[PDB]
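Read the structure below first, then the notes.
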Amino acid sequence: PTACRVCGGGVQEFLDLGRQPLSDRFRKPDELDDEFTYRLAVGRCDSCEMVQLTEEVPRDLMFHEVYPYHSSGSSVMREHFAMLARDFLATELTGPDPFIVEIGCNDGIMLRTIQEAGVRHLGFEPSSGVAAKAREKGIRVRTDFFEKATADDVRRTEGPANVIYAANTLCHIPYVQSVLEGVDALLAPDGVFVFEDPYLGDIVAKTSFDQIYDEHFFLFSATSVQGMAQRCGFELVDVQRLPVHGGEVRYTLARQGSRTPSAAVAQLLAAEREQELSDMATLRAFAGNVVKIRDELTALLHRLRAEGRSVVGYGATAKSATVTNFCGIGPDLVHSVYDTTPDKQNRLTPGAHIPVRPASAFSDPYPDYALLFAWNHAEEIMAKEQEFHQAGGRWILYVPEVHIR
Ligand SMILES: Cc1cn([C@H]2C[C@H](O)[C@@H](COP(=O)(O)OP(=O)(O)O[C@@H]3C[C@](C)(N)C(=O)[C@@H](C)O3)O2)c(=O)[nH]c1=O
Ligand SMILES: Nc1ncnc2c1ncn2[C@@H]1O[C@H](CSCC[C@H](N)C(=O)O)[C@@H](O)[C@H]1O
Ligand SMILES: [Zn+2]
């Protein structure tokens, strides 16, 4: 009976994905087979309806000097964030001396556009290796976690921020109340705090359980986000659904009563209520479909082997740690995983220990099948791998169901 991180209410578990490793730790082949593990389980608060994990992994075990995810490895996402930056430049950052703070800037994928507009800005990036990649682009970055105190410090030296933005970061931070206190300290009275994160609605519709892993503490909805803002003096004033990362919502929070919520907020709220998205029964039905997908995927993977078909994976996603460890999938079933990230190549996946090789190594002679872990990048990947499919190689997907095509 863990206490909700937003409100302190009681959290009821609906899904247990068992013992899991750190999702973003990629070991050299000769490293000790010891890994940090934790119990990955998800529940819903009874008071505010926030869906959240039941065990926190300490921040510093996940985010540090060698954290390996590089945002700019995706062309879709480079475009996606450059367009978002231009939109803030045309709307919220038209003053004499605007200021935008990004929480979790990573390699600078969004802030580069703000820096090239000459606008004052600051990225928080506690993972110093990717922080340095953003600094190389001329971005101003602080290697610190955003929380109340570091926000107070930026308020004291730099003044208020017109925009605070976080993408695929806010749902990573169990200490969201501290973040929100920092937002309260730092945001201009007429500013916005905008964040976008994997949306509970899409996870349930797609049964995309690999969206649940150490770094995703919260599975936000419009319902839980509205409650969360309210309990903090903010108000959810816009929502926009996004296709990226398997389905997200971008939430816009403002000081309460400062702006009138768009019709979009009330409409999404009513669709979630109508679909009973956060009801414990809907969430338990999702958990039972997760089990059906495990059972189908392992049966397929085993049949492929019995039929002497070769199988690899494509994309060394954090998400895949859930898949391989919950389903029991290792190198006997999926021999290698191909990935464009240097820091992940010539390493082994967490827990399951499948070797990671450069994507340039996925080439003729192709394997018979590629299990598509980077399924949120399907179009971008398939576009670069038409020869594989032309050769008769096929993709195994497990979202929204197990199928080959
Ligand atoms: C586009 C492309 C990617 N790839 C490779 C690169 C990446 O390792 C991985 C994709 O990881 P991708 O789905 O983006 O994020 P991941 O689940 O890891 O999750 C990471 C961690 C984090 C912050 N917790 C999160 O939520 C998201 C935003 O990022 O796949 C190719 O090989 N070829 C390609 O053409
Ligand atoms: N409290 C916090 N403040 C700011 N960044 C944080 C943080 N906790 C984690 N992070 C950073 O959040 C980043 C998530 S990776 C995704 C970053 C990028 N916005 C994108 O959408 O692709 C990591 O680089 C991690 O170091
Ligand atoms: Zn709660």
Side-chain angles (χ1 to χ4, degrees), residues 6 80-105 110-124 139-142 144 146-171 173 176-197 220 222-242 248-269:
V6 172
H80 165 83
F81 286 118
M83 170 161 318
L84 179 270
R86 295 194 285 270
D87 288 351
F88 276 143
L89 287 164
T91 58
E92 308 279 353
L93 296 170
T94 60
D97 186 16
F99 181 39
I100 176 163
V101 175
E102 185 179 14
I103 301 171
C105 63
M110 181 294 273
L111 282 176
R112 71 171 298 104
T113 294
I114 293 302
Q115 182 276 166
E116 288 173 348
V119 166
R120 294 193 291 126
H121 61 272
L122 177 63
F124 288 72
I139 303 164
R140 190 183 151 192
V141 182
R142 194 172 155 151
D144 267 307
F146 189 101
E147 54 182 78
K148 176 186 193 302
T150 52
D152 277 338
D153 186 63
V154 175
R155 172 56 185 268
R156 201 166 56 51
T157 62
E158 314 313 313
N162 301 93
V163 178
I164 304 178
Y165 174 74
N168 311 297
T169 300
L170 188 71
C171 75
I173 296 168
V176 70
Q177 288 188 59
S178 180
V179 178
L180 293 159
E181 287 172 336
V183 175
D184 191 28
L186 179 55
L187 192 69
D190 60 348
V192 288
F193 175 36
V194 175
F195 51 95
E196 59 188 61
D197 291 275
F220 293 144
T223 308
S224 63
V225 167
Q226 182 180 53
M228 178 180 69
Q230 189 279 309
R231 291 168 155 80
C232 280
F234 297 98
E235 180 172 21
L236 179 58
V237 307
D238 210 355
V239 287
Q240 192 183 160
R241 294 186 71 179
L242 312 169
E248 302 196 336
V249 161
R250 177 182 299 158
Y251 303 91
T252 298
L253 267 54
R255 266 93 179 33
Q256 57 87 26
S258 81
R259 302 188 188 200
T260 304
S262 62
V265 179
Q267 283 160 13
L268 193 58
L269 286 166

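Side chains are part of it too, since the values below use all heavy atoms of this structure and drop only hydrogens, waters and symmetry mates. The residues of the chain are indexed from 1 along the displayed sequence.
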*Tell me, with the steps shown, if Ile103 and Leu170 meet side chain to side chain contact (heavy atoms under 4.5 Å, CB included).*
CA-CA 8 Å; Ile103 301 171; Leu170 188 71; 5.6 Å; no
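- Nearest heavy atom pair, residue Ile114 against residue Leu93, reads CD1-CD1, 4.1 Å.
- The OG1 atom of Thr260 lies 11.5 Å from the CG atom of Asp238; values are rounded to the nearest 0.5 Å.
- Residues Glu158 and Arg140 are paired through a salt bridge, judged by an N-O separation under 4.0 Å between the basic side chain and the carboxylate.
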*asked:* Would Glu102 and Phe124 count as a side chain to side chain contact (heavy atoms under 4.5 Å, CB included) here? Give the steps.
replied: CA-CA 6 Å; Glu102 185 179 14; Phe124 288 72; over 6 Å; no
*asked:* Could you walk me through whether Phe88 and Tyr165 satisfy the ring pair (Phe, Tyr, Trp, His ring centres under 6.0 Å) test, starting with their C-alpha distance in whole Å, then the side-chain angles of each, then the deciding distance to 0.1 Å, before giving a yes or no?
replied: CA-CA 10 Å; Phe88 276 143; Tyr165 174 74; 5.7 Å; yes
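- Proximity of a side-chain donor or acceptor of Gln256 to a complementary backbone N or O of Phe234 within less than 3.5 Å is not detected.
- Note that NE2 of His121 is 14.0 Å distant from CG of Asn162, once rounded to the nearest 0.5 Å.
- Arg250 places no side-chain N or O within donor-acceptor distance of the main-chain N or O of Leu242, the cut-off being under 3.5 Å.
- Interatomic distance, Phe193 CZ to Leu236 CG, rounded to the nearest 0.5 Å: 11.5 Å.
- We find that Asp152 and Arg155 are not joined by a salt bridge, their nearest charged nitrogen and carboxylate oxygen being 4.0 Å or further apart.
- Within the 3.5 Å criterion, the main-chain N or O of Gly257 finds a donor-acceptor partner in the side chain of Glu235.
- Closest approach of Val179 to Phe146, counting heavy atoms only: O-CE2, 3.5 Å.
- Atom CZ of residue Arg142 and atom CG of residue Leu122 lie 7.0 Å apart, to the nearest 0.5 angstrom.
- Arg259 has no carboxylate O lying under 4.0 Å from a charged side-chain N of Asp190, or vice versa, which leaves the two without a salt bridge.
- When all heavy atoms of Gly95 and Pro98 are compared, the pair lying nearest together is O-CD, 3.4 Å.
- Under the 3.5 Å distance criterion, with hydrogens and angles disregarded, no donor-acceptor pair is assigned to the side chains of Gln226 and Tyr251.
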*Using the side chain to side chain contact (heavy atoms under 4.5 Å, CB included) rule, take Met110 and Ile100 through it: C-alpha gap first, then chi angles, then the decisive distance, then the call.*
CA-CA 11 Å; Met110 181 294 273; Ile100 176 163; 4.0 Å; yes
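- Across every non-hydrogen atom of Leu89 and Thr94, the tightest pair is O-CG2, 3.5 Å.
- The only option from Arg241, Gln240, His80 that meets the side-chain hydrogen bond (donor to acceptor under 3.5 Å, both in side chains) definition with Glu196 turns out to be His80.
- In plain terms, the two heavy atoms of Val249 and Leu268 that are nearest each other are CG2-CD2, 4.3 Å.
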*Where do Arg255 and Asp184 land on the side chain to side chain contact (heavy atoms under 4.5 Å, CB included) test, with the steps shown first?*
CA-CA 8 Å; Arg255 266 93 179 33; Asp184 191 28; 2.8 Å; yes
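- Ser178 places a side-chain N or O within donor-acceptor distance of the main-chain N or O of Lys148, the cut-off being under 3.5 Å.
- Interatomic distance, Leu253 CG to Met228 CE, rounded to the nearest 0.5 Å: 6.5 Å.
- Contact between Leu186 and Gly159 at its shortest, heavy atoms only, is CD1-O, 3.4 Å.
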